[PDB]
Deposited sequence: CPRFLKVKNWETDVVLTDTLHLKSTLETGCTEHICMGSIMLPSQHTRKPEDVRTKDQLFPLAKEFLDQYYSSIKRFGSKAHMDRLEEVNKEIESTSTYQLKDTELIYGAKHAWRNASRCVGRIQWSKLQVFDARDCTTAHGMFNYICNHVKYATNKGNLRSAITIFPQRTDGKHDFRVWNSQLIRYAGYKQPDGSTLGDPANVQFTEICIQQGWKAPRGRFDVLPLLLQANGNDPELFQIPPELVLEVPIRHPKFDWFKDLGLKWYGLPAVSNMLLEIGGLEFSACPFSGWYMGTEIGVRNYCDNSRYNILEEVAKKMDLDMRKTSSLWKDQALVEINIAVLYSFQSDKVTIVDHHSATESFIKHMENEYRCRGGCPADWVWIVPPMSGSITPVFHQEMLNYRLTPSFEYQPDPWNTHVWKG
């Protein structure tokens, strides 16, 4: 089967054959599209096919499909599974796997960069202190004094599901949120629940607007343990505006390193429940989502008030005006401080080039339009008019529930 996508600005048509390798399910059926739904121990039996599918893909990528090395690796893994009920990836397969999970991440507009990912193998890690050390090293390597480098750190895989490695933080670096008795929130409302857990685990909260959360790290299914990232490793950018000198007095800053720490990496049927990965920001993530979402820092009113916009009616587009100025400020600040950031015009133009290249060289590029289109100025970016096909390829990154919901407490 060939599936066509059209771009409605350019009339360019592409043909997808890669979807034929799709395996997992979308949530959609012939009767219902779930395209805007955010969330729409294995057996030896199911595992060897998953292993084999992966190793066939790996060995094809290196032009060794069907080689003795390929056949021998299949035999080796087969016997490891039947004898130990799981298997270990070779380092090269781990690197390939992690790179492909990113390449396959359909919500990620930054995938042009997928082949340039530093993979840190932390499968020898045994303790939460060990995890803390690996995470500091990742942070320092990825930050690179503002010249950001993409990285992933991979902790030991799931065994029986009772010995999971987990990072309880949603991101390595994130700000605390504190619900006040009057119902207001100090800091970042997205992180209230996790902040409460940290405090219950013994963190002494500074109780300010931008407190970097401690790491809460679980090794080998044990109860998690608190660690503070050395402050000198957390690069932050104070936010100012190129023309509005009062913008700085809003007291805003953000951290430079976006590092997702709550997802599960599946490679060849193996599950890496702790696999923190990081890149660099697209400006709208800070300027649109983190600052202007109503359930986040929610700064639109204050900015608009300081700008003396007409706020009596929505039709003056005061919210749109303030939004643009905040996003200008974020890009200006990061650039002035020499911290890697990409604007949404650059990011989306690069994604479309990536996507076209993928169609030609790979036969497709699964993409989730809902997430790929930027949260402001959508239609003036080249992704808006691009038709996309969303399907799930493995290796992959997957959502997993927050660990406090599932963890069996030891005491």
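By the record, the deposited chain contains unmodelled runs at 1-2, 43-51, with no C-alpha atoms placed there.
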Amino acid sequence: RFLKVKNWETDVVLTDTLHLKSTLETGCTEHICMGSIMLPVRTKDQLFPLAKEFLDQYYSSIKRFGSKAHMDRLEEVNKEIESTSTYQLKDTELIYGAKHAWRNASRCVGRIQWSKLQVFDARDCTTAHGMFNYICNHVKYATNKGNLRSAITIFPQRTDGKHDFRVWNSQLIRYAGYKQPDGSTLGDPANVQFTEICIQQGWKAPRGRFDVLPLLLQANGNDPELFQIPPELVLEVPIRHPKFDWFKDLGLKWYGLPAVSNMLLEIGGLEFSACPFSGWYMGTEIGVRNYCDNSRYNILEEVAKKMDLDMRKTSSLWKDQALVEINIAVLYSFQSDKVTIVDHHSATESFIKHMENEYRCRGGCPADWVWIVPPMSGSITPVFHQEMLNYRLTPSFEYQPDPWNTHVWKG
From here on, numbers count along this sequence of modelled residues.
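Higher average CA B factor: 193-201, of the stretches 284-292 and 193-201. When the two stretches 209-217 and 70-78 are set side by side, the higher mean Cα temperature factor goes to 70-78. For the set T15, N390, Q400, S396, the PDB entry puts the maximum C-alpha B factor at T15. Take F384, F65, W371, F351 and read off each C-alpha B-factor from the entry; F65 has the highest.
Among the modelled residues of its chain, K90 has a C-alpha B-factor that falls in the middle third, as given in the PDB entry. Among all modelled residues in this chain, the alpha-carbon of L47 has a temperature factor (C-alpha) in the highest third.
Per-chain ranking of the deposited C-alpha B factor places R166 in the lowest third. Per-chain ranking of the deposited C-alpha B factor places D121 in the lowest third.
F227: CA B factor lies in the middle third for its chain, per the PDB record.
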